[PDB]
Amino acid sequence: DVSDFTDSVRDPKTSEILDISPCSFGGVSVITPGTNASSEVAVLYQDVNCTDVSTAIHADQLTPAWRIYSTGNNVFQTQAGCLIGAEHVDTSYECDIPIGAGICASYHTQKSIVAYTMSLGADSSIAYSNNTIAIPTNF
Amino acid sequence: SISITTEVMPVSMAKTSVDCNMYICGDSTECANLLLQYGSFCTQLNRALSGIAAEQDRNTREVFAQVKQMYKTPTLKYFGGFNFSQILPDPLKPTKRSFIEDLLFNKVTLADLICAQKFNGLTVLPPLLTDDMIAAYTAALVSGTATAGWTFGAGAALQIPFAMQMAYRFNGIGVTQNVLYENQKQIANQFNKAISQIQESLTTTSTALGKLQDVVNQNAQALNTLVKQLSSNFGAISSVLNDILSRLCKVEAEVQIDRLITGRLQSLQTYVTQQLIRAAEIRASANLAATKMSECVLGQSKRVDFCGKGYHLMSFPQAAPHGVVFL
Amino acid sequence: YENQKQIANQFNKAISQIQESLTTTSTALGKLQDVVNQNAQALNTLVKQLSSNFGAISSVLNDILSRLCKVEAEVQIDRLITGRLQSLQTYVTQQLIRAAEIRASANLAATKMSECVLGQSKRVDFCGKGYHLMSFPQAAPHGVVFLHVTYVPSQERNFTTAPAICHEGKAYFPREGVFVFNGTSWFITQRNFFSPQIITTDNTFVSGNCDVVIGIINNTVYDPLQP
Ligand SMILES: *[C@@H]1O[C@H](CO)[C@@H](O)[C@H](O)[C@H]1NC(C)=O
Ligand SMILES: *[C@@H]1O[C@H](CO)[C@@H](O)[C@H](O)[C@H]1NC(C)=O
Ligand SMILES: *[C@@H]1O[C@H](CO)[C@@H](O)[C@H](O)[C@H]1NC(C)=O
Ligand SMILES: *[C@@H]1O[C@H](CO)[C@@H](O)[C@H](O)[C@H]1NC(C)=O
Ligand SMILES: *[C@@H]1O[C@H](CO)[C@@H](O)[C@H](O)[C@H]1NC(C)=O
Ligand SMILES: *[C@@H]1O[C@H](CO)[C@@H](O)[C@H](O)[C@H]1NC(C)=O
Ligand SMILES: *[C@@H]1O[C@H](CO)[C@@H](O)[C@H](O)[C@H]1NC(C)=O
Ligand SMILES: *[C@@H]1O[C@H](CO)[C@@H](O)[C@H](O)[C@H]1NC(C)=O
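- Method of determination, as given in the entry header: cryo-EM; reported resolution: 2.99 Å.

Digging into the overall build of chain A
And then number 1: When its secondary structure is counted, chain A shows 2 helices and 12 strands.
And then number 2: For 139 residues, the compact-globule estimate of 2.2 N^0.38 gives 14 Å, and chain A exceeds it by more than 25% at 24 Å.
And then number 3: Overall size of chain A, expressed as C-alpha extent along the three principal axes, is 90 × 45 × 25 Å.
And then number 4: Taken across its 139 residues, chain A has 29% of its residues classed as buried.
And then number 5: Carbon and sulfur atoms make up 49% of the accessible area of chain A, which amounts to about 8,500 Å² in all.
And then number 6: Between the centroid of the 4 positive side chains of chain A and the centroid of its 15 negative side chains there is a distance of 14 Å.

A word on the pattern of salt bridges
And then number 1: This model, assessed by the stated rule, comprises 9 salt bridges over all chains.
And then number 2: Of the charged contacts, one joins B:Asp102 and B:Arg97 as a salt bridge, the two residues approaching to 2.8 Å between their closest N and O atoms.
And then number 3: Its salt-bridge partner being B:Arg303, residue B:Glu295 comes within 3.1 Å of it at the nearest N-O pair.
And then number 4: Salt bridges here are not isolated pairs; linked through shared partners, they connect B:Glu295, B:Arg303, C:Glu115 and C:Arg123.

Quick word on the interface of chain B and chain C
And then number 1: Across the boundary between the two partners, chain B contributes 36 residues, which contact 35 residues of chain C.
And then number 2: Here chain B and chain C share an interface that buries about 3,100 Å² over both sides, 53% of which is from carbon and sulfur atoms.
And then number 3: There are 2 salt bridges connecting chain B and chain C.
And then number 4: Of the charged contacts in the structure, one is a salt bridge between C:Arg79 and B:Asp258, with a shortest N-O distance of 3.4 Å.
And then number 5: Joining chain B to chain C, the criterion identifies 7 residue pairs in polar contact.
And then number 6: Looking at the side of chain B that touches chain C, the elements that each hand over two or more residues are α3 (43–64), α7 (162–171), α8 (177–182), α9 (184–203) and α12 (250–296) of chain B.
And then number 7: The biggest single contributor to the side of chain B that touches chain C is α12(B), with 9 residues.

Some points on the site of ligand 4
All names here are of chain B.
And then number 1: Lining the immediate surroundings of ligand 4 are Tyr-78, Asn-83, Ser-85 and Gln-86.
And then number 2: A distance of 2.3 Å separates an oxygen atom of ligand 4 from a polar side-chain atom of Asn-83.
And then number 3: Between ligand 4 and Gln-86 there is a distance of 2.6 Å, counted from an oxygen atom to a side-chain nitrogen or oxygen.
And then number 4: For ligand 4, whose accessible area on its own is 360 Å², the fraction buried by protein is 37%.
And then number 5: Here the residues of the shell around ligand 4 sort into 1 nonpolar, 3 polar and no charged.

Describing unusual backbone geometry
And then number 1: Although it is not a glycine, A:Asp47 sits at a positive phi angle of roughly 60 degrees.
And then number 2: Tracing the backbone shows A:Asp47 in the loop between β4 (42–46) and α1 (53–57).
And then number 3: Of note, C:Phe54 is a non-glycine position whose phi angle comes to about 60 degrees, a positive value.
And then number 4: Take C:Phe54: it is sitting in the loop between α2 (30–48) and α3 (61–64).
And then number 5: Exposure remark for C:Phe54: the relative accessible area of 6% places this residue in the buried category.

A few points about the packing of helix α10 (residues 210–228) of chain B against α12(B)
Residues and elements named next belong to chain B.
And then number 1: Here α10 crosses α12 at 170 degrees, and the two axes come no closer than 10 Å. The orientation of α10 with respect to α12, classified from their angle, is roughly antiparallel. Seen from α10, the contacting residues are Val-215, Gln-218, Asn-219, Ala-222, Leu-223 and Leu-226; seen from α12, they are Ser-267, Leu-268, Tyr-271, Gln-275, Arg-278 and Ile-282.
And then number 2: Residue composition of the contact of α10 with α12, grouped by class: 7 nonpolar, 4 polar and 1 charged.

Details of empty space enclosed by the protein
And then number 1: One number sums up the size of the largest cavity: a volume of about 60 Å³.
And then number 2: Taken together, B:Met164, B:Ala167, B:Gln177, B:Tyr181, C:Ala162, C:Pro163, C:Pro174, C:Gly177, C:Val178, C:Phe179 and C:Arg191 make up the lining of the largest cavity.
And then number 3: At the level of secondary structure, the elements contributing two or more residues to the lining of the largest cavity comprise α7 and α8 of chain B together with β6 (178–181) of chain C.

Points about the sheet that holds strand β7 (residues 87–88) of chain A
All names here are of chain A.
And then number 1: The mixed open sheet is built from 4 strands, whose spatial order is β7-β10-β9-β8. Two strands close off the open sheet at either side, each with one partner strand: β7 and β8 (97–100).
And then number 2: Across 3 bridges, the pairing between β8 and strand β9 (residues 103–108) is antiparallel. Within β9, the position partnered with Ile-97 by the bridge is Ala-105.

Looking at the site of ligand 6
And then number 1: Ligand 6 sits among C:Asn182, C:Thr184 and C:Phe187.
And then number 2: Protein contact buries 34% of the 350 Å² of open area that ligand 6 shows by itself.

As for the sheet that holds β4(A)
Residue and element names in this part refer to chain A.
And then number 1: Pairing within the open sheet is antiparallel, and its 4 strands lie in the order β3-β4-β6-β5. The open sheet has two edge strands, β3 (28–31) and β5 (75–77), and neither has a second partner. Between one strand axis and the next, the sheet turns by 20 degrees as a mean value, whatever way the strands run.
And then number 2: Of the strand pairs in this sheet, β3 and β4 are connected by 4 bridges, and their pairing is antiparallel. Within β4, the position partnered with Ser-29 by the bridge is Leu-44.

Observations regarding the nonpolar core
And then number 1: Among the nonpolar cores identified, the biggest contains 48 residues, and A:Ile133, B:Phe82 and B:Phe84 are the most heavily contacted of them.
And then number 2: Listed by contribution, the elements that provide at least two residues to this core are β12 (132–138) of chain A, α4 (99–104), α6 (131–147), α7, α8 and α9 of chain B together with β5 (171–174) and β6 of chain C.
And then number 3: Of the residues forming this core, the biggest block, 7 residues, is contributed by α9(B).
And then number 4: For B:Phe82, the residues in contact, after removing those within four places along its chain, are B:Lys77, B:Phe162, B:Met166, B:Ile187, B:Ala188, B:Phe191 and B:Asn192.
And then number 5: With 39 residues, the next largest nonpolar core counts B:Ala116, B:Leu122, B:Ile244 and B:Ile261 among its residues.

Considerations on the state of the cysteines
And then number 1: On inspection of all chains with the given rule, the structure shows 7 disulfides over all chains.
And then number 2: Shown here is the disulfide that connects B:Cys20 with B:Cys42, its sulfur atoms set 2.0 Å apart. With the S-S dihedral at roughly -50 degrees, the linkage between B:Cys20 and B:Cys42 falls on the left-handed side. Separated by 22 residues along the polypeptide, B:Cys20 in helix α1 (residues 20–24) and B:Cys42 in the loop between α2 (29–36) and α3 bring together distant segments of the chain.
And then number 3: On the basis of relative accessible area, B:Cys20 is assigned to the buried category, the value being 5%.
And then number 4: Residue B:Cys42 is classed as buried on the basis of its relative accessible area, which comes to 18%.
And then number 5: Taken in N- to C-terminal order, the disulfide-linked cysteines of chain A are connected 1-2, 3-4.
And then number 6: A:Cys23 supplies the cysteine sulfur nearest to B:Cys115, a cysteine that is in no disulfide, at a spacing of 18 Å.

Conventions adopted
Residues numbered from 1 in each chain as written, not as in the entry; some residues may be left out. Chains lettered and ligands numbered in written order. Part of a larger assembly, values for the part shown. Heavy atoms only, no water. Helix = DSSP H or I, 4+ residues; strand = E, 2+ residues; numbered from the N terminus. Rg over C-alpha atoms; globule rule 2.2 N^0.38 Å. Buried < 20%, exposed > 50% of the residue type's maximum accessible area, 1.4 Å probe, protein only. Areas by Shrake-Rupley, 256 points an atom, 1.4 Å probe, with all protein chains shown as cover. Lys, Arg positive; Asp, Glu negative; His and termini not counted. Charge placed at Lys NZ, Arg CZ, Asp CG, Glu CD. Salt bridge = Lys/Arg side-chain N within 4 Å of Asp/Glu carboxyl O. Contact = heavy atoms within 4.5 Å. Buried area = accessible area lost by both parts, 1.4 Å probe. Polar contact = N/O pair within 3.5 Å; in protein donor to acceptor, adjacent residues only side chain to side chain. Near = heavy atom within 4 Å. Nonpolar A, V, L, I, M, F, W, Y, C, P; charged D, E, K, R; others polar. Axes fitted to C-alpha atoms, helices over the stretch in contact; angles between N-to-C directions. Parallel < 35°, antiparallel > 145°, perpendicular 65-115°, else oblique. 1 Å grid on protein atoms, 1.4 Å probe; cavity = no way out; pocket = protein on both sides within 12 Å on 5 of 7 lines; lining within 4 Å. Points joined across faces, edges and corners; volume = space filled by probe spheres on them. Pairing = 2+ DSSP bridges. Core = buried A, V, L, I, M, F, W, Y, C linked by side-chain atoms within 4.5 Å. Disulfide = S-S within 2.5 Å.

As structure tokens, this is what we get:
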């Protein structure tokens, strides 16, 4: 290739063509509350579709402690990638640990790591009328 | 006459991270052992890149998040003859952006090149705030300006009709209140005409958003230069790390490998230094954008040529790819 | 002057709240600790990097000279010299960039001291949230702390308003303020505070007939005459 890395090789016996590719995919991020409160973590594989995560990690040849972070009931799919080790919630809070793409994570309540959509702000509405005004009376 | 002029300012750039061990020694155990002898050099670049990424998120947040409540867009886009429909989201169309923002998002083109970056440890992380969230912020700012005026910046929102707001804004530049009320419809027609001209100018192909494409181009060139520099042998017998280990002995192979290690380390150092300088420039631009949003959207400014050519009346923000556009 | 003592009590109360907030443990001064931490980490990294051998036989300079000859010892020493030179160059480049950032922050602090302590500023949110009144500087380790006092409007009320009134075919516009309807009659008030005044000839001015202004109401204007 342009990086002087060989990618395709011809078998000297069968004259077929084989593609060699790196056995290390892209980035892995670890989300931790801190090792002063607990010892569980969440794992984010970014730019990886979580349907086929086990192919990208080769979890068959890892430790059994690495297989419980490969699939389960705690699988979430965000625009960043696939997040394993956290529970999805529907309420929105202020951002604590920024995962990305609008998704934040925190350590809520026995405590567990939760992932949610960040809250932009408080919701308010003021009515527009063409013949009324609001004037302060105190300060 | 009433004139609407546009100003484009960059806010953030792309956040990138580099895996040092897989950039320098790709899947090589011997090169990994020789790399540990260079202690605490790969951990010094990740700290700098993490600082840059956190700075980018801070830039975007502390420019755009300036209101403490979110205002719903009104059902009526006609405030006393002034047509606000082009700069507010359209309920019937299922996009969460205004029309001018839709034009702005098409004039900047964000995109075996990305795959080679991915295979060598170069990764681009997504921004924390998505485009819909920034669109929500700008819609809240425009709605608050149309319905409340200058008061919501300094505290809670105080309702006022739009004509009386324009009367105060004419008082602020030295023209009495009656001049607005005598010929209000002429001013409304000029406002609508200038909005239409801005729309027409943005529609046609131009280079008005050239300052935003140059950020994207420079980051792409830097990352491609890192990918391309891996083919240099740096004075060694070859640039392939697996051919030096196939026909040489340990004492004579370590001497050849160390040259490649030093060359790739100093290439990656050049990249991180250039990124730090460019990040400083982007931070200065974002600080100016934040103070412009504070002093020209939440109020009226008497500084000369700070917010356009003429006497400033009021101003509107719009979102753009990695940037902001002030009208 | 009407309610000076209420303002004095609010000033003293806010000073006490600032004192109470600074007393308890917090991270309000976190921007000043991060300067100290970064410089310490950089200097410790320079100290720690002296143990790398940079591809030579050893990182100790006195062991290469105890078991090697001149031609073969200079080759090993030059690698250490180059590695330490480029480490020290990395340190000085990082220091230059950090110094530029600190200089920009200090320039902003100087202009803030000039425009908010020696005067009053009309720039929005330049010196706090609200309308700026006055400001005080305090010294901090490698930094400055500004206390801005601000006027915050409160307790809003609803009123019915009009752009102008006309008495006898002549439109009257307010000079400073707005026309409001308390429920009985029409008064003129300032925008920021509610203090109603009687519509009079001195605080209004006349412009044309009342057939072009959109939304004009009819009323009476007091004149200071008729003795
Ligand atoms: C051996 O190499 C030849 C190439 O000349 C190939 O045709 C053949 O299939 C290979 N294998 C055997 C078992 O002969
Ligand atoms: C994952 O794959 C599905 C189809 O197999 C596709 O629709 C989806 O966009 C993919 N996700 C990502 C993040 O690429
Ligand atoms: C403003 O509120 C305070 C509450 O502490 C009250 O004591 C004061 O009388 C109010 N101002 C007026 C003008 O009533
Ligand atoms: C506002 O402008 C749009 C086109 O930009 C137009 O369709 C709409 O009718 C206008 N609103 C009016 C005239 O009230
Ligand atoms: C003012 O009137 C509007 C509309 O009638 C109402 O929504 C709002 O709550 C009122 N505010 C006060 C302080 O009375
Ligand atoms: C204005 O209306 C308010 C409504 O409560 C009333 O209290 C006040 O006395 C009125 N002012 C007059 C009649 O001057
Ligand atoms: C205010 O709006 C109402 C309803 O749209 C209208 O009847 C009235 O004439 C308007 N008043 C003005 C424009 O002064
Ligand atoms: C005010 O009264 C006069 C009486 O001469 C009338 O001509 C005018 O239309 C009135 N204005 C209104 C009802 O807004």
